[PDB]
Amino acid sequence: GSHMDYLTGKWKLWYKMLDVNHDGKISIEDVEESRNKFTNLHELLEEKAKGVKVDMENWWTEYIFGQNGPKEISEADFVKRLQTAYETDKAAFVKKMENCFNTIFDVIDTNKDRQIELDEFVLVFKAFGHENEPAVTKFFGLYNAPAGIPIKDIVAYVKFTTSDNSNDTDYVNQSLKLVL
C-alpha cells in the first residue's frame, strides 16, 4: 500500500547513502572505505582509530548485514528484508532502527558530549563518500540546534526509516535528496 510505497522510497534513498562506492551493492569495501576515512579525518591515532574501526564494523554487521546474512546486499535485497521485517512486527522494527541509529550517532559523537556538532555531522557524510558540504550544513540547520543537536535526533532517522506517512515534514528525506 501507500504506507509501503513512501517507505520504500526512503529505504532506497538510505541504501544509496550506505553504498559508499556507488557500485550497487553493500559489501566489505563499503565498510572499509567509510571506517578508514572516518578515522583519518578525525586525526585519530592507530589504537583509537582501530577501536573506532571495530565499532563501525560491528554497526554494519549487526544492523545492515545481519548475522547469517548474505555477503553482499543489493537494493532489492535491502528493501525486501526491511519490508518483511515491517510487515511481521512494526514495533520491533522501530526499536531496531532506534538501536541502529543510537549506535552510529555515538560513533559520530567524537568528543562524547552526547550531542552532534556541525563538525561531527559533516564528516560522517564526507567519510561515507558524500561531499555536498553546503547541503549537509543546511540539513544541520533544519533542527534549530546551532551548536549541538542532541543524540535523541536518532528519532529523525527513526521517522525516516519507519514512518509510513507521506505527510510528515521529514528533514532527513528532504535533505538527502540534495546531498545525494
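Each residue number is its position in the shown sequence, starting from 1.
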*Read off the CA B-factors in the entry, average them over 71 to 79 and over 106 to 114, and name the higher stretch.*
106 to 114
*54 to 62 set against 38 to 46, stretch whose average Cα temperature factor tops the other in the entry*: 38 to 46
*Comparing residue 95 with the other modelled residues of its chain, is its CA B-factor in the lowest, middle or highest third?*
middle
*What third of its chain, lowest, middle or highest, does the C-alpha temperature factor of residue 146 fall into?*
lowest
*If you rank the chain by CA B-factor, which third does residue 178 end up in: lowest, middle or highest?*
lowest
*Using the B-factor values recorded in the entry, state whether the Cα atom of residue 130 falls in the lowest, middle or highest third among the modelled residues of its chain.*
middle
*Lowest, middle or highest third: where is residue 16 by Cα B-factor in its chain?*
middle
